[PDB]
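Worksheet: the structure to be examined is printed underneath.
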Amino acid sequence: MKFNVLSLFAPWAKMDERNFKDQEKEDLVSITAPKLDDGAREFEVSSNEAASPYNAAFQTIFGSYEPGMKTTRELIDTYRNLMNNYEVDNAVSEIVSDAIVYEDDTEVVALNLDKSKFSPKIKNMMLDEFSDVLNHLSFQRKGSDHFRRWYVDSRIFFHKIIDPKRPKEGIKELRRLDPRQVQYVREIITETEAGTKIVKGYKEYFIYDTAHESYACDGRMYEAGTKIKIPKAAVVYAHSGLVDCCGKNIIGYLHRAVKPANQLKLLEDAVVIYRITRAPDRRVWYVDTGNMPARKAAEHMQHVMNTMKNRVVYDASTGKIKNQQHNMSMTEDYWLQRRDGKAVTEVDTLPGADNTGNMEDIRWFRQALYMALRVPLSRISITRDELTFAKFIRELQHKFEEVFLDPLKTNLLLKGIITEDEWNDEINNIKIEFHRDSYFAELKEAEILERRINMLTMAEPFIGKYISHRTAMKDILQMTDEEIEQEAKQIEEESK
Amino acid sequence: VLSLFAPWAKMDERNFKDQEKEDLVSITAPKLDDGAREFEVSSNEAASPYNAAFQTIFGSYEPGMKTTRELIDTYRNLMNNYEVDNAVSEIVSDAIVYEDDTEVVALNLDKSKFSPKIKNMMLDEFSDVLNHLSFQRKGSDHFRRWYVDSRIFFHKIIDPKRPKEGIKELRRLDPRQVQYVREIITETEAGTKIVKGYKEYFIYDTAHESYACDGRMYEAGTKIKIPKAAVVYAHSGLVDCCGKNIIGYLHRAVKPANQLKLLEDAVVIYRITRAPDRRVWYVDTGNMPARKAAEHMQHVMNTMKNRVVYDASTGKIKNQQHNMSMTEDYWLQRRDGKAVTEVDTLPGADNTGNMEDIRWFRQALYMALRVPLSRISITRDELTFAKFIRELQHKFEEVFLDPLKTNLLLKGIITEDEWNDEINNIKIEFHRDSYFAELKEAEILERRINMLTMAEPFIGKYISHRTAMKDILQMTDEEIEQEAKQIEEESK
Amino acid sequence: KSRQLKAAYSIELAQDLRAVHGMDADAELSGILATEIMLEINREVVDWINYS
């Protein structure tokens, strides 16, 4: 009954068995609360040391994720429902678009290796692999789509593959996994005095569901039945640092906007309906028909109501009153017949959809949402809004980035180029840099330079006695001593 | 005594012995100022056997965990609100500045210390103190959490068999699971007024493996006593009107944050409720029990079912083909010459805003978040905010010295005596935005040059160059000599 | 061998306790029953010591 993983994943499982075998020998012991900040959801289990076969593992992985897996699914759809609305989608677009760009005859996001290495051959090998990592994401064509989905859901996962007979060269295109069917946990099976203070590996378990039982749109499947336990080594993933007030109940970048997104939509509809309902003239015609049951009294009503009836409809394709003859009566001249000598038969009129706005709340709320969706609010030179925006974009890029770093460091180990130890003790820095808009970058720099130049021109009358030139260059032009020397050297050369 | 804290217990014992040997007697109030809440203990002359302490911690933890729980949860909920989270975001962004090819807060030993050899080792360890927290990757969130929760306390990790090598990274204690406490254990006449140790340890729950978001899932069990030495920490110097009821900066928003949310929704309810038309159709029917009299109501109720509902996804009207009726057509029959039946319309939520009342409150809230008024050149408001940020950094960053002295003492880089005299000043220092720093400095320079320009004609008459450099350019005597040296050299 | 307790407290009792002293009257019981089990076990062991 002690079943293993479908064998196709076994090579990844093996990598993890080794990873945990050594983590288990680590001295991160004598710890009260588990040494965990984010990602996979933790859970206290059966305290049985190594008893983690498929059945047992499923029981607790499932029990751990279950009370909230529904919520997780609802959030995915909630965020998507927002993404499907207008004046939401455009905020996401602005962010995704700037986070990942491609440009005219330029490079794309790329690995920057500028730190010490045993031999430079590694820089080429890493760069070559990196390029292939992008090929396995097809980032150059859909990188911005991966990002968009990631951003909206605040997570993305991919399934990695191997040969598996020659796993070292089995590295190939990744398959993006929709979180809808992905579960992730950290399980604890050791115990000591008053709780578990033992170094814990947690095993980073993933589970991939089966039938498309849950859904956002119809066309769903029958019961999933069992689910598949998957090693973390097999999954490329990234996620945000945004979590709700409990556990690892991770939330979307648009989570903040859910309230006002929906609120604005209600307000918008309230306005639309308000002005439509009651727009036409409204009234109830009354006929006094004494000593009759409705089955007969109705004839008296018919003699009036089907005589005075204005059989009129409006052609919304052509702005006309359908078959209206004559074109327009000068008076809606109506009559009512009073059988008794009493002023009782009448028409009961109603108010219409009057234009009384004062349509102000809609702006209050539009603006709140607009900002809830992630400013700059300048969209309908260099400012604080742009500067904080750029910082935000870098922060997003640095989380998204794992999507490259994971398969990169993996592939460079799996193909046996760098050891795990070497990678871990070397970086310390494996930053992947993005291409940024040169239009804006040039403008930013030019404005900065103008100010620097203008200041040099202020120092001028005093620089001969008060300010060294090195000082003017390092303080006003913000030049480095080496940069200063290099220009000075070039300047003498320029003479010829 | 749980073994996980064995070396820390020993460190606390040594500190206690020093306190016991001091002259800090004649104390009318225990010498504590902030942070931990105290407790009067058995004080069997000075004794508190561990087993006495065990109850003592239970009796310290119960009466007040709820308060902590409410405040933290409140702050976290405030953090999820529109324009509240942003206050924190901007605060976090400036408090923890980290850029390309830029440093992180780092040890800056620019004042006298025992030896450069040691200074270099201290710096390397400091780097590891931060590497241990992946500060360069998530330092901003460690701070973000602290600011929001008001307090951070971390578990130190030990081997302990080879505690020079066996020195590990910190684990943030779970907020609301740990209480910071003090214990007064000693006896004198007419109340205890002698060398109190105060202990300053922590009390930890077992309920930290919390689940059921926003629920109350708890179980019976024992409590954990944690030595002072075992914990790294910082907290805001903010206390509510009494006791040691420590609060966060976000506490300020508790009232108006909710008042605004409440007002925003009140506006929304006003707009939506009554947005639809409104009217009651009446029928007057007797000579029957209501069970049957009601059939005359059905004659209209099941006839005027004007289900002309607008579609939320596409602005069309359900099942109304053709495209538009020019007017509605209703009628009612009357049994007698008595105008008793009717369509009674109701007034709606008319368009009266004036979204000004809410405006006042939103603005007040926005600034009350302790943010610049410039947020939705150099002004007092920006400088003031920067000072606030400096204060937050100053207090928060103590969390990088606590583990530093700990690790350095364990390794043998520094001694206890050295730490005590060296700090004084073992400050660490962080990067500040260069974009704005340059702009600030440039404006300062513009004034500096403009004033030299103004001074110019009198430079050889009433004033001197030396003085202009000292008063207008605010240069030091040494700085002036060095520039003069460089200038003469540049001429050739 | 097993050991279990049931309380199944009334609605009105809980409402009253909330009205009287701000109590929930559920958790309190949870506490009492759990407490009773731990203490009972503690005694069972002690008594077995004397027994043997």
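Reconstructed Cβ throughout: ideal geometry from the backbone, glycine too, with neighbour counts over all protein chains shown. Only the coordinates and a few stated rules stand behind these numbers; no lab work does.
When B:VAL371, B:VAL343 are screened for being at the interface with another protein chain (Cβ under 9 Å from one of its Cβ atoms) and not in a helix (DSSP H, G or I), only B:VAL343 passes.
Based on what the data block shows, is B:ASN319 more than 12 Å from chain A (Cβ to nearest Cβ), assigned to a loop (DSSP other than H, G, I, E, B), under 57 Å from the mean Cα position of the chain (by Cα) and under 30 Å from A:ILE362 (Cβ atoms)? When the stated conditions are applied, B:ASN319 passes them.
The single condition among (1) in a strand (DSSP E or B); (2) touching a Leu at 6+ places or on another chain (Cβ under 6 Å) that A:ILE156 does not meet is (2).
The residues of region A:252-276 that are of a type in the set (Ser, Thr, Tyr) and either surrounded by fewer than 21 Cβ atoms within 10 Å (Cβ to Cβ) or facing chain B (nearest Cβ under 7 Å) (or both) amount to a single one, A:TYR274.
Residue-wise test of (1) within 14 Å of another protein chain (Cβ to nearest Cβ); (2) hydrophobic (A, V, I, L, M, F, W, C); (3) closer than 30 Å to B:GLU103 by Cβ.
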{"residue": "B:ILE152", "(1), (2), (3)": "yes, yes, yes"}
{"residue": "B:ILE157", "(1), (2), (3)": "yes, yes, yes"}
{"residue": "B:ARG171", "(1), (2), (3)": "yes, no, yes"}
{"residue": "B:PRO175", "(1), (2), (3)": "yes, no, yes"}
{"residue": "B:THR192", "(1), (2), (3)": "no, no, no"}
{"residue": "B:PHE202", "(1), (2), (3)": "yes, yes, no"}
{"residue": "B:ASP205", "(1), (2), (3)": "yes, no, no"}
{"residue": "B:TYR233", "(1), (2), (3)": "no, no, yes"}
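C:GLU36 satisfies every condition listed in (1) more than 9 Å from the chain's Cα centre (by Cα); (2) surrounded by 10 or more Cβ atoms within 10 Å (Cβ to Cβ); (3) among the charged types (D, E, K, R) except (1). Evaluate the following for B:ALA36: is it buried (at least 19 other Cβ atoms within 10 Å of the Cβ), within 30 Å of A:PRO260 (Cα to Cα) and small (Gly, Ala, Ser)? The answer is no for B:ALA36. Residues considered: A:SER144, A:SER138. Of these, the only one that is on the phi > 0 side of the Ramachandran plot and either within 17 Å of the chain's Cα centre (by Cα) or not acidic (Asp, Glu) (or both) is A:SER138. Output the helices (runs of 4 or more DSSP H) that fall wholly within region B:394-482 and possess 3 or more residues being under 36 Å from the mean Cα position of the chain (by Cα), or say none. Answer list for region B:394-482: B:402-411, B:416-422, B:434-455.
This table checks each residue for (1) loosely packed, with under 14 Cβ neighbours inside 10 Å; (2) in contact with a strand residue (DSSP E or B) (Cβ under 9 Å, 6 or more places away or on another chain); (3) within 24 Å of B:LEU170 (Cα to Cα).
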| site | (1), (2), (3) |
| --- | --- |
| B:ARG375 | no, no, no |
| B:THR379 | yes, no, no |
| B:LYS387 | yes, no, no |
| B:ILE426 | no, yes, yes |
| B:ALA437 | yes, no, no |
| B:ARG447 | yes, no, no |
| B:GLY460 | yes, no, no |
| B:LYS470 | no, no, no |
| B:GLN474 | yes, no, no |
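Filter region A:39-57 for residues that are surrounded by 14 or more Cβ atoms within 10 Å (Cβ to Cβ) and polar (S, T, N, Q); which is nearest to A:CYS245 (Cα to Cα)? So the residue we want is A:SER46.
Here is the figure for region B:347-363: residues that are under 29 Å from the mean Cα position of the chain (by Cα) and loosely packed, with under 11 Cβ neighbours inside 10 Å total 1. Take B:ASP284 and tell me if it is among the acidic types (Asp, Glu), farther than 30 Å from B:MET367 by Cα and buried (at least 16 other Cβ atoms within 10 Å of the Cβ). No: the conditions fail for B:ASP284. Any idea which residue in region A:101-132 is nearest to A:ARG148 (Cα to Cα), counting only those that are in a helix (DSSP H, G or I) and acidic (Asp, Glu)? Step by step, filter region A:101-132, then rank; the result is A:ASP132. Of all residues in region B:207-236, exactly one satisfies the criterion of being over 30 Å from B:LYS10 (Cβ atoms), touching a strand residue (DSSP E or B) at 6+ places or on another chain (Cβ under 9 Å) and either surrounded by fewer than 19 Cβ atoms within 10 Å (Cβ to Cβ) or of a type in the set (A, V, I, L, M, F, W, C) (or both), namely B:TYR211. Quick check: is even one residue across region B:306-327 loosely packed, with under 13 Cβ neighbours inside 10 Å, at positive phi and not aliphatic (A, V, I, L, M)? Scanning region B:306-327 turns up at least one residue that is loosely packed, with under 13 Cβ neighbours inside 10 Å, at positive phi and not aliphatic (A, V, I, L, M). Entry remark, region B:277-307: residues being within 11 Å of another protein chain (Cβ to nearest Cβ), over 18 Å from B:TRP331 (Cβ atoms) and of a type in the set (A, V, I, L, M) number 0 in total.
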